Amino acid sequence: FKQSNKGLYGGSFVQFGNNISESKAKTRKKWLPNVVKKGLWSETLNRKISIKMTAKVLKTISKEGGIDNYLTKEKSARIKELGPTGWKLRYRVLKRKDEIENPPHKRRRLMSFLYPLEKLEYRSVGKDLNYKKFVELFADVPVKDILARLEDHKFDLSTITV
Amino acid sequence: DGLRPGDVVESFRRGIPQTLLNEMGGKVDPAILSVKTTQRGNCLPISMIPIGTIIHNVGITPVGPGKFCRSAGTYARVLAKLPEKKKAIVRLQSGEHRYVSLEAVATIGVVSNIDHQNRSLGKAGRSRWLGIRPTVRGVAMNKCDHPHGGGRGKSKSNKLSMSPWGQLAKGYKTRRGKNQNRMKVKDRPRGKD
Amino acid sequence: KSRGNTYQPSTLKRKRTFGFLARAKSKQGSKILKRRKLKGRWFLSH
RNA sequence: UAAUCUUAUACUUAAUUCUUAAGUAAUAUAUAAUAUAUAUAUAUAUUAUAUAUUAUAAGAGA
RNA sequence: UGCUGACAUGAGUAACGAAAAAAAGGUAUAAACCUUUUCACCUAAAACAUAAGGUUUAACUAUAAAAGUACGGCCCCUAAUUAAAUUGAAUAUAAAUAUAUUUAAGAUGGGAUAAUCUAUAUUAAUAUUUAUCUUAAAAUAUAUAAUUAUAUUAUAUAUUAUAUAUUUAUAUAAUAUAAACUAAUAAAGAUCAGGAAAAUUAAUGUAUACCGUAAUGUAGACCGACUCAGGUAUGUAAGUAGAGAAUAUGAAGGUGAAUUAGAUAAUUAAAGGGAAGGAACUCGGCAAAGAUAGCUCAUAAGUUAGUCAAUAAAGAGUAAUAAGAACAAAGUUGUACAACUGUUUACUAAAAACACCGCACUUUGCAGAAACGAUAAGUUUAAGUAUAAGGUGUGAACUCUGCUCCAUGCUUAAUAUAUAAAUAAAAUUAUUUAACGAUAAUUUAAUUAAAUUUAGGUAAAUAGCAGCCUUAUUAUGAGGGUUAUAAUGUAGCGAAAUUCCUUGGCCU
RNA sequence: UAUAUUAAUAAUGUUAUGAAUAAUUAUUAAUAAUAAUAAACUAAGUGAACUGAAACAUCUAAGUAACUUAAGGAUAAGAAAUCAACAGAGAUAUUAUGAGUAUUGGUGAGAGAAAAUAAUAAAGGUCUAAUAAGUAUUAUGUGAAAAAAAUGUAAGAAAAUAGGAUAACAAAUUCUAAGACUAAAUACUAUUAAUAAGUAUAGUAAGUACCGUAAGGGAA
Ligand SMILES: [Mg+2]
Ligand SMILES: [Mg+2]
Ligand SMILES: [Mg+2]
Ligand SMILES: [Mg+2]
Ligand SMILES: [Mg+2]
Ligand SMILES: [Mg+2]
Ligand SMILES: [Mg+2]
Ligand SMILES: [Mg+2]
Ligand SMILES: [Mg+2]
Ligand SMILES: [Mg+2]
Ligand SMILES: [Mg+2]
Ligand SMILES: [Mg+2]
Ligand SMILES: [Mg+2]
Ligand SMILES: [Mg+2]
Ligand SMILES: [Mg+2]
Ligand SMILES: [Mg+2]
Ligand SMILES: [Mg+2]
Ligand SMILES: [Mg+2]
Ligand SMILES: [Mg+2]
Ligand SMILES: [Mg+2]
Ligand SMILES: [Mg+2]
Ligand SMILES: [Mg+2]
Ligand SMILES: [Mg+2]
Ligand SMILES: [Mg+2]
Ligand SMILES: [Mg+2]
Ligand SMILES: [Mg+2]
Ligand SMILES: [Mg+2]
Ligand SMILES: [Mg+2]
Ligand SMILES: [Mg+2]
Ligand SMILES: [Mg+2]
Ligand SMILES: [Mg+2]
Ligand SMILES: [Mg+2]
Ligand SMILES: [Mg+2]
Ligand SMILES: [Mg+2]
Ligand SMILES: [Mg+2]
Ligand SMILES: [Mg+2]
Ligand SMILES: [Mg+2]
Ligand SMILES: [Mg+2]
Ligand SMILES: [Mg+2]
Ligand SMILES: [Mg+2]
Ligand SMILES: [Mg+2]
Ligand SMILES: [Mg+2]
Ligand SMILES: [Mg+2]
Ligand SMILES: [Mg+2]
Ligand SMILES: [Mg+2]
Ligand SMILES: [Mg+2]
Ligand SMILES: [Mg+2]
Ligand SMILES: [Mg+2]
Ligand SMILES: [Mg+2]
Ligand SMILES: [Mg+2]
Ligand SMILES: [Mg+2]
Ligand SMILES: [Mg+2]
């Protein structure tokens, strides 16, 4: 039911069954869920999410206090209910929540100073060095030793400023 | 109708131009806009067209192109204006009075080729040139095809006048119920002439 | 009129509508390509 | 009518390009205060606070 | 009427598939293969070049030769169209997948240079189809700058003699058959209103890729079971003669056949002639025969005014007055049906049937009707807008289209009106607990539609348009009375393609 | 142009005008990509008709054929909101008795369990959840021939002092839904070995020849 993958259907699904006349004649019919396009508000994303959802999930969202709480329910039932689209959104909500709660500092400049020294060293021996390779090589280095340049400070990437 | 090579026509959908704007003392004050307001060829919003004027190329929305009375010799007449509701009643060539937004495009005059309807093709080939293929009557069909078909000799099968796919073709209104025109004052005269 | 001459040859049409790529580049074409292969046929397509 | 529905189109730190973030530039909206001009109200200017950098325009509308 | 294999009978019978051949020699081996000569057939082809196709069948393994300048493909560009391709979330959808936008592919098409032979790369800057009419003028013939008649209306390159940069190019002046035909601008008539896509300079540079190339290709070399009288695209297609690519011959070329040789019975097919009759034949002039110009004149009635009739029939002018190739050329009239040109049952019906231009009704106001969409997005309608589009019937035009909406529908107005679903609340009942309670059906409670009903309109919607008696002295009934219906057959036509009785009565 | 691009170098030529500079030859560092990859078994979606009923529509055929989708050597199921009856058993899968049994059907054609006892089976129980709500339940439309579990629309609780199970109620009994992993006995393919009151028209060719445009059919 690939139409469900594009929205939050809450596990809802199509049912194929029979229709019955007073003569008990049987003819096939389909039961389609009540799908409604609604634009809800996300507090952490600070923008209006707009996807097709069924009426039942919309009511469930109202009782759970917004889309953000709907997409962040631990109980397995919710995970199954949330389709591909819900999973990706959950990632957004959760990652953004972590970013706000966990700032990076509770190196970019250092690598900027280090780059000209290394490129000159590589050019001296006849080789070259581009920024993308510089990042790739020095991605995993925790501490850059002071071979050249001057550490005219006591930062240590801790307690910035006074 | 009367457009000829040499005449001058202008459009006033943006509004009154600068030339008249600086001539307001001698242009708007004497209200000699009527000289150009009701002129053959130029296009005005229905708001500025006086009541009773014969107009064509009538739109529906202010930001839309003309859609009505574009065919040969067709014309429409402006009936009433409702500034409060931003709608104007425009008598339309079918005879149906329809609401239209006040600031809707409208060109004054009838459309050219009045005598188009009096033309007559002389042979079947002529039609073929314009892209009209033959039409086979239902009576000549077979029963599997058009319902009227079948029966020995000439017979209509005591079947109502129906389209091939099973829709009455004699006085049956197709647009019925909820899916109807929300804007119309009076229906077009069904008997027409 | 006389019949029997229904097959009028043309390499372009014969290859375009019955060729290997004419079947390898479609779901239905691939299905019959693999059906012939499973049966062991030597000449999969034109 | 922010129910629905249709139509058209800058600097700086922290993680070459991308992203977050305190500050300020400029635009838009809303509130409070001050000053001016007309019949408590309308219009304009300044100061301050809050938000934005999918929208705008047209149409139907419970 | 069993399956497979082998072998019989029909039977050494039918047949060997449009047809011209003969002698000599290769070869004291030839009707069938090769060569020479004679004869003949095809010749706007059975010839010469090609396209597609194909077991290379070819003049063959030692085999089909390309920088380009008329050499095509390849390559650039696109049409119709195609695409498991591209666009927290392009749209839609049980899957399959569909839709819209991009991108890519796709010739049956477009692509500068060139015999005085030409140079495609890199870098940098900035055109539907269709005709050449009339006047004019020059020049020519009879007549006297006047008049009659006449080839020509524009280009296509050689020679002679002069002027320019200096025997290479241009220019000038004079000379030079007729009929067809070719590509380029010119000019201009009609509506049926006539494809898409990919720059110039300046410098530098070019060592010329791959594939096609034979022969057959109106056929023994492809599609047809066959070395099949069938089907198959393009350009030349000598002359003589003609309006002509008709018809006659045939220069050159090719060719004369997997059947031959004798008499040609009865009989069969395709042809030629036929006395005296001339449709008596026959369902029926089926078949066959019939041509007194092919050019120039002339050409009636009717009529929608259109030499439609009409190529009018008969007739005339040109040598023919007994005839001497082939082709073109085959009368007049009345009636029924249909306006006409056209379409149809590949392979028994080509028509009176379909279509048609014309007439008429009706739906749709564009966010539309109609159609398609396991079903939607969406597409055609249409880049159109009531003089447009869809459906229906009739079917050019002259004279006309009378009557009635009873029935089936359509359409307008009426809460006149029942009923399904959906709900609360509240009364009796039943089962059970001892009790409150729990569970069940029942009935009351205001809040409904479409539908149905009533009254209209709609027949160029589907449809219908009766019956008895007797009155002007002998006939009939102009007329009078009768039942019910919505109406009661009007104009016209009438033994109709409509009439069994019927070969209806009368006339030609 | 991966015999490639960028950068550097030694030289040549070489422009530019000693140095530079690219072009070339030759070295070194960096910059990059190759999908034919089976069939059967399993699970899921959709889902016929012929036929039987001596007609036919409920019913059957049958959730079968067929199409589509996804994964593994297997997959599915699995440690009770299970059965049973006042006494008790203790996950799952397959086979036998139970049993053609209860049950069901235009009460036609027909369809048809469970408990319990046996056999194969493996160490066969064990936490991975902060103990599960638009969930149970109700109304309604569907939904394995008896036996429910699911599902469209909408309404919608409780905390072990609670909740599920039976037309209903009272007692009693039993279990804990909305969180999970799980060998082996099983299916299919291939290989080795053993046994053939099996095969020489089920004894190796060939999916070839040939037929059809194609899917496809198919010899001696
Ligand atoms: Mg018929
Ligand atoms: Mg029908
Ligand atoms: Mg055949
Ligand atoms: Mg095709
Ligand atoms: Mg026998
Ligand atoms: Mg015999
Ligand atoms: Mg004989
Ligand atoms: Mg014989
Ligand atoms: Mg001899
Ligand atoms: Mg000829
Ligand atoms: Mg000739
Ligand atoms: Mg030839
Ligand atoms: Mg292309
Ligand atoms: Mg081409
Ligand atoms: Mg050739
Ligand atoms: Mg050749
Ligand atoms: Mg032949
Ligand atoms: Mg052949
Ligand atoms: Mg000759
Ligand atoms: Mg030949
Ligand atoms: Mg022969
Ligand atoms: Mg005779
Ligand atoms: Mg005689
Ligand atoms: Mg006779
Ligand atoms: Mg006789
Ligand atoms: Mg005859
Ligand atoms: Mg006359
Ligand atoms: Mg003739
Ligand atoms: Mg008559
Ligand atoms: Mg006719
Ligand atoms: Mg005809
Ligand atoms: Mg026929
Ligand atoms: Mg015939
Ligand atoms: Mg017409
Ligand atoms: Mg429609
Ligand atoms: Mg019309
Ligand atoms: Mg007719
Ligand atoms: Mg008429
Ligand atoms: Mg008629
Ligand atoms: Mg009438
Ligand atoms: Mg009710
Ligand atoms: Mg039966
Ligand atoms: Mg069943
Ligand atoms: Mg299944
Ligand atoms: Mg498992
Ligand atoms: Mg499991
Ligand atoms: Mg059992
Ligand atoms: Mg629990
Ligand atoms: Mg239920
Ligand atoms: Mg069963
Ligand atoms: Mg549990
Ligand atoms: Mg064949």
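Residues numbered from 1 in each chain as written, not as in the entry; some residues may be left out. Chains lettered and ligands numbered in written order. Part of a larger assembly, values for the part shown. Heavy atoms only, no water.

- Method-wise, the PDB entry is recorded as coming from cryo-EM, at a reported resolution of 3.2 Å.

- With the PDB entry as reference, chain B is termed Large ribosomal subunit protein uL2m, source organism Saccharomyces cerevisiae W303.

- Looking up chain A in the PDB entry gives the name Large ribosomal subunit protein bL28m, with the organism given as Saccharomyces cerevisiae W303.

Observations concerning the pattern of salt bridges
Residues and elements named next belong to chain A.
Thought 1: Within the structure shown, the criterion is met by 4 salt bridges over all chains.
Thought 2: Residue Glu99 pairs with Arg96 through a salt bridge whose shortest N-O separation is 3.2 Å. Placement of both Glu99 and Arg96 in helix α4 (residues 84–101) is noted, with a separation of 3 residues, approximately one turn of the helix.
Thought 3: Residue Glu99 is classed as partly exposed on the basis of its relative accessible area, which comes to 43%.
Thought 4: Residue class for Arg96 comes out partly exposed when judged on its relative accessible area of 32%. (Salt bridge = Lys/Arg side-chain N within 4 Å of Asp/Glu carboxyl O. Helix = DSSP H or I, 4+ residues; strand = E, 2+ residues; numbered from the N terminus. Buried < 20%, exposed > 50% of the residue type's maximum accessible area, 1.4 Å probe, protein only.)

Some remarks on the protein's contact with RNA strand D
Residues and elements named next belong to chain A.
Thought 1: Close to RNA strand D lie 20 residues, the nearest being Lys38, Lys48, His105, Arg107 and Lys132.
Thought 2: Within 4 Å of the protein, the atoms of RNA strand D are drawn from sugar and phosphate moieties in a proportion of 80%.
Thought 3: A distance of 2.8 Å separates a sugar or linking oxygen of RNA strand D from a polar side-chain atom of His105.
Thought 4: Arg109 is positioned such that a nitrogen or oxygen atom in its side chain is 2.9 Å from a phosphate oxygen of RNA strand D.
Thought 5: Of all the elements in the fold, those that place two or more residues in the surface near RNA strand D are β4 (35–42), β5 (47–54), α5 (108–124) and α6 (131–137).
Thought 6: Here the surface near RNA strand D is built from residues that sort into 5 nonpolar, 3 polar and 12 charged. (Near = heavy atom within 4 Å. Polar contact = N/O pair within 3.5 Å; in protein donor to acceptor, adjacent residues only side chain to side chain. Nonpolar A, V, L, I, M, F, W, Y, C, P; charged D, E, K, R; others polar.)

Quick word on the protein's contact with RNA strand F
Thought 1: Of all residues adjacent to RNA strand F, which total 47 residues, the nearest are A:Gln15, A:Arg28, A:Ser76, A:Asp128 and C:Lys39.
Thought 2: Among the atoms of RNA strand F lying within 4 Å of the protein, the sugar-phosphate backbone contributes 76%.
Thought 3: A distance of 2.5 Å separates a phosphate oxygen of RNA strand F from a polar atom in the side chain of A:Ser76.
Thought 4: When contributions to the surface near RNA strand F are tallied by element, the ones reaching two or more residues are β2 (15–20), β3 (26–31), α1 (55–64) and α3 (76–81) of chain A together with α3 (27–39) of chain C.
Thought 5: In terms of residue count, α3(C) provides more of the surface near RNA strand F than any other element does, 8 residues in total.
Thought 6: When grouped by side-chain class, the residues that make up the surface near RNA strand F number 14 nonpolar, 10 polar and 23 charged.

Thoughts on the environment of A:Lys29
Residue and element names in this part refer to chain A.
Thought 1: Within the fold, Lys29 resides in strand β3.
Thought 2: Residue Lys29 is classed as partly exposed on the basis of its relative accessible area, which comes to 35%.
Thought 3: Once the C-alpha coordinates of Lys29 and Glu64 are considered, the two residues, 35 residues apart in sequence, prove to be 34 Å apart.

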